[PDB]
>>> print(open('upload-v1.cif').read())   # mmCIF, N, CA, C and O atoms and all ligand atoms
data_structure
#
loop_
_atom_site.label_atom_id
_atom_site.label_comp_id
_atom_site.auth_asym_id
_atom_site.auth_seq_id
_atom_site.Cartn_x
_atom_site.Cartn_y
_atom_site.Cartn_z
N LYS A 22 10.22 -8.28 14.16
CA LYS A 22 11.29 -7.85 13.20
C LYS A 22 10.79 -6.75 12.27
O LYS A 22 9.83 -6.94 11.53
N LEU A 23 11.47 -5.61 12.31
CA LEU A 23 11.01 -4.42 11.61
C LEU A 23 11.29 -4.52 10.10
O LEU A 23 12.24 -5.18 9.68
N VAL A 24 10.45 -3.89 9.28
CA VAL A 24 10.75 -3.79 7.85
C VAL A 24 11.40 -2.45 7.54
O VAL A 24 11.18 -1.46 8.23
N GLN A 25 12.24 -2.46 6.52
CA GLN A 25 12.92 -1.26 6.08
C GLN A 25 12.51 -1.04 4.63
O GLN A 25 12.99 -1.73 3.73
N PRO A 26 11.57 -0.11 4.40
CA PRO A 26 11.15 0.14 3.02
C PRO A 26 12.30 0.64 2.16
O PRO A 26 13.11 1.44 2.60
N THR A 27 12.37 0.12 0.94
CA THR A 27 13.16 0.73 -0.14
C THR A 27 12.81 2.20 -0.27
O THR A 27 11.68 2.62 0.03
N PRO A 28 13.76 3.00 -0.77
CA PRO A 28 13.60 4.45 -0.99
C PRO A 28 12.32 4.75 -1.77
O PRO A 28 11.60 5.69 -1.45
N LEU A 29 12.02 3.93 -2.77
CA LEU A 29 10.75 4.07 -3.46
C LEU A 29 9.61 3.98 -2.49
O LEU A 29 8.96 4.99 -2.18
N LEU A 30 9.37 2.78 -1.99
CA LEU A 30 8.30 2.58 -1.03
C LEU A 30 8.29 3.64 0.07
O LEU A 30 7.23 4.03 0.55
N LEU A 31 9.46 4.12 0.47
CA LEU A 31 9.56 5.06 1.58
C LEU A 31 9.01 6.44 1.24
O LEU A 31 8.29 7.04 2.03
N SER A 32 9.37 6.94 0.06
CA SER A 32 8.89 8.25 -0.38
C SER A 32 7.36 8.27 -0.39
O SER A 32 6.74 9.26 -0.01
N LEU A 33 6.75 7.16 -0.80
CA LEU A 33 5.30 7.05 -0.68
C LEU A 33 4.88 7.22 0.77
O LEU A 33 4.07 8.09 1.09
N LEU A 34 5.45 6.40 1.64
CA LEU A 34 5.01 6.36 3.04
C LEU A 34 5.27 7.68 3.71
O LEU A 34 4.48 8.13 4.54
N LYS A 35 6.39 8.30 3.36
CA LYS A 35 6.69 9.62 3.89
C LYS A 35 5.67 10.65 3.40
O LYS A 35 5.21 11.48 4.18
N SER A 36 5.29 10.59 2.13
CA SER A 36 4.26 11.49 1.63
C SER A 36 2.89 11.08 2.17
O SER A 36 1.93 11.85 2.10
N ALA A 37 2.81 9.87 2.73
CA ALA A 37 1.59 9.43 3.40
C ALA A 37 1.60 9.69 4.91
O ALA A 37 0.68 9.29 5.61
N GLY A 38 2.63 10.36 5.42
CA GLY A 38 2.63 10.75 6.82
C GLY A 38 3.70 10.11 7.69
O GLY A 38 4.04 10.65 8.74
N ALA A 39 4.24 8.98 7.25
CA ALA A 39 5.28 8.28 8.00
C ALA A 39 6.46 9.21 8.25
O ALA A 39 6.85 9.98 7.36
N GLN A 40 7.03 9.13 9.45
CA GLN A 40 8.11 10.03 9.82
C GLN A 40 9.42 9.31 10.15
O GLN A 40 10.29 9.89 10.80
N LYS A 41 9.56 8.07 9.69
CA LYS A 41 10.75 7.27 10.00
C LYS A 41 11.13 6.29 8.90
O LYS A 41 10.48 6.22 7.85
N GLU A 42 12.20 5.53 9.14
CA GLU A 42 12.82 4.71 8.10
C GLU A 42 12.63 3.21 8.27
O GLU A 42 12.95 2.43 7.38
N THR A 43 12.12 2.80 9.43
CA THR A 43 11.91 1.38 9.71
C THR A 43 10.58 1.23 10.44
O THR A 43 10.16 2.14 11.15
N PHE A 44 9.92 0.11 10.23
CA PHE A 44 8.51 0.00 10.59
C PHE A 44 8.19 -1.42 11.04
O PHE A 44 8.97 -2.34 10.80
N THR A 45 7.02 -1.58 11.65
CA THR A 45 6.36 -2.89 11.68
C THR A 45 5.56 -3.01 10.39
O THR A 45 5.18 -2.00 9.81
N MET A 46 5.30 -4.24 9.94
CA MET A 46 4.51 -4.42 8.74
C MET A 46 3.17 -3.70 8.87
O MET A 46 2.68 -3.11 7.91
N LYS A 47 2.58 -3.75 10.05
CA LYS A 47 1.31 -3.11 10.29
C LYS A 47 1.42 -1.61 10.04
O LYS A 47 0.46 -0.97 9.57
N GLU A 48 2.58 -1.05 10.33
CA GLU A 48 2.82 0.38 10.14
C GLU A 48 2.89 0.73 8.66
O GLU A 48 2.31 1.72 8.24
N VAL A 49 3.60 -0.07 7.88
CA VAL A 49 3.59 0.06 6.44
C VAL A 49 2.15 0.01 5.90
O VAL A 49 1.68 0.94 5.23
N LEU A 50 1.45 -1.08 6.23
CA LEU A 50 0.06 -1.23 5.84
C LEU A 50 -0.79 -0.03 6.25
O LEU A 50 -1.71 0.34 5.56
N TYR A 51 -0.47 0.59 7.38
CA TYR A 51 -1.30 1.69 7.84
C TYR A 51 -1.11 2.97 7.02
O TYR A 51 -2.06 3.68 6.70
N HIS A 52 0.14 3.27 6.68
CA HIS A 52 0.46 4.47 5.93
C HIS A 52 0.04 4.29 4.46
O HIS A 52 -0.62 5.16 3.90
N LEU A 53 0.39 3.16 3.86
CA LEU A 53 -0.07 2.80 2.52
C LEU A 53 -1.58 2.92 2.39
O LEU A 53 -2.09 3.57 1.48
N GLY A 54 -2.30 2.27 3.31
CA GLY A 54 -3.73 2.45 3.37
C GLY A 54 -4.10 3.92 3.45
O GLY A 54 -5.14 4.32 2.93
N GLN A 55 -3.26 4.73 4.08
CA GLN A 55 -3.52 6.16 4.19
C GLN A 55 -3.10 6.91 2.92
O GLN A 55 -3.57 8.02 2.66
N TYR A 56 -2.20 6.29 2.17
CA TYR A 56 -1.73 6.84 0.92
C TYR A 56 -2.82 6.62 -0.11
O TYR A 56 -3.07 7.45 -0.98
N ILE A 57 -3.46 5.46 0.00
CA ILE A 57 -4.49 5.06 -0.92
C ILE A 57 -5.73 5.92 -0.73
O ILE A 57 -6.44 6.21 -1.70
N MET A 58 -5.98 6.33 0.51
CA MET A 58 -7.10 7.20 0.81
C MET A 58 -6.84 8.60 0.28
O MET A 58 -7.74 9.26 -0.24
N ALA A 59 -5.60 9.06 0.40
CA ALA A 59 -5.23 10.37 -0.08
C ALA A 59 -5.34 10.50 -1.61
O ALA A 59 -5.88 11.48 -2.11
N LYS A 60 -4.83 9.50 -2.33
CA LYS A 60 -4.87 9.50 -3.79
C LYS A 60 -6.22 9.01 -4.31
O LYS A 60 -6.36 8.74 -5.50
N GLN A 61 -7.18 8.88 -3.41
CA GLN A 61 -8.51 8.39 -3.77
C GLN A 61 -8.52 7.17 -4.69
O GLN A 61 -9.43 6.99 -5.49
N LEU A 62 -7.51 6.31 -4.55
CA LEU A 62 -7.35 5.13 -5.40
C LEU A 62 -8.38 4.04 -5.14
O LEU A 62 -8.39 3.02 -5.82
N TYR A 63 -9.24 4.27 -4.14
CA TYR A 63 -10.08 3.21 -3.61
C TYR A 63 -11.56 3.51 -3.79
O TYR A 63 -12.09 4.46 -3.21
N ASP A 64 -12.22 2.68 -4.59
CA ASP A 64 -13.68 2.70 -4.67
C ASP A 64 -14.27 1.65 -3.74
O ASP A 64 -14.24 0.45 -4.01
N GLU A 65 -14.83 2.13 -2.64
CA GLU A 65 -15.60 1.26 -1.78
C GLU A 65 -16.85 0.82 -2.53
O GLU A 65 -17.27 -0.33 -2.43
N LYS A 66 -17.42 1.74 -3.30
CA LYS A 66 -18.61 1.48 -4.10
C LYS A 66 -18.45 0.27 -5.02
O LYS A 66 -19.16 -0.73 -4.89
N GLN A 67 -17.52 0.38 -5.96
CA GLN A 67 -17.22 -0.71 -6.90
C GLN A 67 -17.29 -2.10 -6.28
O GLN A 67 -18.35 -2.72 -6.22
N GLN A 68 -16.12 -2.58 -5.85
CA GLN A 68 -16.01 -3.91 -5.26
C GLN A 68 -14.77 -4.01 -4.37
O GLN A 68 -14.14 -5.06 -4.29
N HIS A 69 -14.43 -2.90 -3.71
CA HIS A 69 -13.32 -2.86 -2.77
C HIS A 69 -11.96 -2.97 -3.47
O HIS A 69 -10.98 -3.41 -2.87
N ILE A 70 -11.89 -2.56 -4.74
CA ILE A 70 -10.61 -2.55 -5.43
C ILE A 70 -9.89 -1.22 -5.26
O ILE A 70 -10.52 -0.17 -5.19
N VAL A 71 -8.57 -1.29 -5.17
CA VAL A 71 -7.74 -0.11 -5.30
C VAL A 71 -7.35 0.02 -6.77
O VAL A 71 -6.97 -0.96 -7.41
N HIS A 72 -7.44 1.23 -7.31
CA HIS A 72 -7.09 1.45 -8.71
C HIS A 72 -5.85 2.30 -8.83
O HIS A 72 -5.84 3.46 -8.42
N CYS A 73 -4.79 1.72 -9.38
CA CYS A 73 -3.54 2.44 -9.43
C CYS A 73 -2.88 2.32 -10.79
O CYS A 73 -1.65 2.26 -10.88
N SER A 74 -3.68 2.30 -11.85
CA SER A 74 -3.13 2.25 -13.20
C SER A 74 -2.25 3.48 -13.42
O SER A 74 -1.23 3.39 -14.09
N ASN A 75 -2.64 4.61 -12.84
CA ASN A 75 -1.86 5.83 -13.03
C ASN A 75 -1.33 6.49 -11.76
O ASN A 75 -1.19 7.71 -11.71
N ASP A 76 -1.01 5.69 -10.76
CA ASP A 76 -0.33 6.18 -9.56
C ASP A 76 1.04 5.52 -9.48
O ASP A 76 1.27 4.47 -10.07
N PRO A 77 1.98 6.16 -8.77
CA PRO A 77 3.27 5.53 -8.43
C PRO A 77 3.08 4.16 -7.79
O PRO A 77 3.81 3.21 -8.08
N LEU A 78 2.07 4.04 -6.94
CA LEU A 78 1.74 2.77 -6.32
C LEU A 78 1.66 1.63 -7.32
O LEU A 78 2.37 0.62 -7.20
N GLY A 79 0.77 1.76 -8.30
CA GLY A 79 0.57 0.68 -9.25
C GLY A 79 1.89 0.30 -9.88
O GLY A 79 2.13 -0.87 -10.21
N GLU A 80 2.76 1.28 -10.05
CA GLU A 80 4.03 1.03 -10.72
C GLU A 80 4.91 0.26 -9.74
O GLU A 80 5.66 -0.65 -10.12
N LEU A 81 4.80 0.62 -8.46
CA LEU A 81 5.57 -0.01 -7.40
C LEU A 81 5.15 -1.48 -7.20
O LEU A 81 6.00 -2.35 -7.00
N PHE A 82 3.85 -1.76 -7.28
CA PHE A 82 3.34 -3.13 -7.08
C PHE A 82 3.29 -3.91 -8.38
O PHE A 82 2.88 -5.07 -8.39
N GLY A 83 3.70 -3.27 -9.47
CA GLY A 83 3.59 -3.91 -10.77
C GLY A 83 2.18 -4.41 -11.03
O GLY A 83 2.00 -5.51 -11.56
N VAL A 84 1.18 -3.64 -10.63
CA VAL A 84 -0.20 -4.02 -10.90
C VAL A 84 -1.09 -2.83 -11.18
O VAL A 84 -0.80 -1.71 -10.77
N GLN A 85 -2.19 -3.09 -11.87
CA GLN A 85 -3.10 -2.04 -12.29
C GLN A 85 -4.14 -1.83 -11.21
O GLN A 85 -4.52 -0.69 -10.91
N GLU A 86 -4.58 -2.93 -10.62
CA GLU A 86 -5.59 -2.87 -9.59
C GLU A 86 -5.50 -4.10 -8.69
O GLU A 86 -5.01 -5.15 -9.11
N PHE A 87 -6.00 -3.97 -7.47
CA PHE A 87 -6.16 -5.13 -6.59
C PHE A 87 -7.30 -4.87 -5.61
O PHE A 87 -7.58 -3.73 -5.25
N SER A 88 -7.97 -5.95 -5.21
CA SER A 88 -8.91 -5.92 -4.10
C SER A 88 -8.21 -5.76 -2.76
O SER A 88 -7.12 -6.29 -2.55
N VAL A 89 -8.85 -5.03 -1.86
CA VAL A 89 -8.26 -4.74 -0.57
C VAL A 89 -8.42 -5.94 0.35
O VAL A 89 -8.12 -5.86 1.55
N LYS A 90 -8.88 -7.05 -0.22
CA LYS A 90 -9.18 -8.25 0.52
C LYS A 90 -8.41 -9.43 -0.06
O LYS A 90 -8.68 -10.59 0.27
N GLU A 91 -7.44 -9.13 -0.92
CA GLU A 91 -6.51 -10.14 -1.38
C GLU A 91 -5.21 -9.92 -0.59
O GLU A 91 -4.16 -9.59 -1.15
N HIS A 92 -5.30 -10.09 0.73
CA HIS A 92 -4.21 -9.69 1.63
C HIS A 92 -2.90 -10.40 1.32
O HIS A 92 -1.82 -9.79 1.30
N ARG A 93 -3.00 -11.70 1.06
CA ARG A 93 -1.86 -12.49 0.64
C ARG A 93 -1.12 -11.86 -0.56
O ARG A 93 0.12 -11.87 -0.61
N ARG A 94 -1.86 -11.31 -1.51
CA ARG A 94 -1.22 -10.63 -2.64
C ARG A 94 -0.69 -9.26 -2.24
O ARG A 94 0.39 -8.85 -2.67
N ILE A 95 -1.44 -8.54 -1.42
CA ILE A 95 -1.00 -7.23 -0.95
C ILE A 95 0.29 -7.33 -0.13
O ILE A 95 1.10 -6.40 -0.11
N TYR A 96 0.48 -8.47 0.54
CA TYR A 96 1.69 -8.69 1.32
C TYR A 96 2.89 -8.97 0.44
O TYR A 96 3.99 -8.48 0.69
N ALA A 97 2.69 -9.76 -0.60
CA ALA A 97 3.80 -10.05 -1.50
C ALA A 97 4.22 -8.78 -2.23
O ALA A 97 5.41 -8.50 -2.37
N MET A 98 3.24 -8.01 -2.69
CA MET A 98 3.55 -6.79 -3.42
C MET A 98 4.42 -5.92 -2.55
O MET A 98 5.43 -5.38 -3.01
N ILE A 99 4.06 -5.81 -1.28
CA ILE A 99 4.88 -5.02 -0.39
C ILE A 99 6.26 -5.65 -0.18
O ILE A 99 7.27 -4.96 -0.12
N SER A 100 6.30 -6.98 -0.09
CA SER A 100 7.52 -7.63 0.37
C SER A 100 8.68 -7.37 -0.57
O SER A 100 9.84 -7.34 -0.14
N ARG A 101 8.38 -7.19 -1.84
CA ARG A 101 9.44 -6.95 -2.81
C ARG A 101 9.88 -5.50 -2.80
O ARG A 101 10.69 -5.08 -3.62
N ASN A 102 9.36 -4.73 -1.85
CA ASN A 102 9.72 -3.33 -1.73
C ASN A 102 10.31 -3.00 -0.37
O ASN A 102 10.45 -1.83 0.02
N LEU A 103 10.65 -4.05 0.37
CA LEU A 103 11.33 -3.90 1.65
C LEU A 103 12.78 -4.32 1.46
O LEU A 103 13.05 -5.33 0.80
N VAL A 104 13.71 -3.55 2.01
CA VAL A 104 15.13 -3.91 1.90
C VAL A 104 15.38 -5.26 2.55
O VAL A 104 14.72 -5.54 3.58
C1 LIG B 1 -8.49 2.44 3.95
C2 LIG B 1 -8.13 1.13 3.23
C3 LIG B 1 -7.32 1.44 1.97
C4 LIG B 1 -9.41 0.38 2.84
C5 LIG B 1 -7.28 0.25 4.15
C6 LIG B 1 -7.40 -1.21 3.76
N1 LIG B 1 -8.52 -1.90 4.50
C7 LIG B 1 -7.99 -3.22 4.96
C8 LIG B 1 -8.96 -4.30 4.65
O1 LIG B 1 -8.75 -5.50 4.87
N2 LIG B 1 -10.16 -3.89 4.15
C9 LIG B 1 -11.29 -4.80 3.99
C10 LIG B 1 -12.56 -4.05 4.41
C11 LIG B 1 -13.80 -4.83 4.00
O2 LIG B 1 -14.94 -3.95 3.94
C12 LIG B 1 -14.05 -5.99 4.97
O3 LIG B 1 -14.32 -5.50 6.29
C13 LIG B 1 -6.68 -3.40 4.23
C14 LIG B 1 -5.75 -4.36 4.90
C15 LIG B 1 -5.68 -4.45 6.29
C16 LIG B 1 -4.75 -5.33 6.87
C17 LIG B 1 -3.90 -6.11 6.06
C18 LIG B 1 -4.00 -6.00 4.68
CL1 LIG B 1 -2.94 -6.90 3.60
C19 LIG B 1 -4.95 -5.16 4.14
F1 LIG B 1 -5.10 -5.18 2.82
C20 LIG B 1 -6.15 -1.98 4.14
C21 LIG B 1 -5.71 -1.50 5.46
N3 LIG B 1 -5.38 -1.11 6.48
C22 LIG B 1 -5.03 -1.80 3.16
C23 LIG B 1 -3.85 -1.18 3.56
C24 LIG B 1 -2.78 -1.08 2.67
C25 LIG B 1 -2.90 -1.61 1.38
CL2 LIG B 1 -1.53 -1.59 0.28
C26 LIG B 1 -4.09 -2.19 0.96
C27 LIG B 1 -5.13 -2.25 1.86
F2 LIG B 1 -6.30 -2.78 1.44
#
>>> encode(input="upload-v1.cif", output="structure tokens", more="lines below")
Ligand SMILES: CC(C)(C)C[C@@H]1N[C@@H](C(=O)NCC[C@H](O)CO)[C@H](c2cccc(Cl)c2F)[C@@]1(C#N)c1ccc(Cl)cc1F
Amino acid sequence: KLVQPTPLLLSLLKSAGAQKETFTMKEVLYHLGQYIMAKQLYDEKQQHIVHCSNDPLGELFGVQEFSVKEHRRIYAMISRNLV
């Protein structure tokens, strides 16, 4: 069952390379992960946290930072941004 990102979430994914309006969750995760790499939001050095205090992302997930290994939380954050 495909996900349909909200216009917000979509503009991110589109600026992250996505070329369509509906996705598999893995596809969302792939572009977002690619969005995070582009905005350099990710310190591998630190402790695998993404830092988005001042990105559209952080505003979208209603969070300042998260570990890239709190998948259960990363999924919920996304879920509230799918139509
Ligand atoms: C390049 C990058 C950002 C590390 C990809 C991430 N890297 C995935 C990840 O688990 N990284 C852990 C690497 C660690 O060194 C242990 O080997 C993220 C990920 C993959 C699948 C499922 C989830 Cl919920 C997830 F968070 C990652 C991807 N792909 C990712 C993608 C989207 C988002 Cl919103 C957060 C993320 F951390």
>>> residues_near_ligand(input="upload-v1.cif", ligand="ligand LIG 1 (chain B)", cutoff="5 Å", atoms="all atoms listed in the file", output="number ranges by chain")
A: 50, 53-54, 89, 92, 95-96
>>> residues_near_point(input="upload-v1.cif", point="(-6.2, 8.0, -9.0)", cutoff="8 Å", atoms="only C-alpha atoms", output="list in words")
residues 60, 61, 62, 72, 73, 74, 75 and 76 of chain A
>>> select_by_dssp(input="upload-v1.cif", residues="chain A", states="strand (DSSP E or B)", output="PyMOL selection string")
chain A and resi 24+26+44+63-64+70-72+86-88+103
>>> residues_around(input="upload-v1.cif", residues="segment 29-31 of chain A", least_positions_apart="2", cutoff="8 Å", atoms="only N, CA, C and O atoms", output="number ranges by chain")
A: 25-27, 33-42, 49, 53, 81, 99, 102-103
>>> select_by_dssp(input="upload-v1.cif", residues="chain A", states="helix (DSSP H, G or I)", output="PyMOL selection string")
chain A and resi 28-36+46-59+77-81+92-100
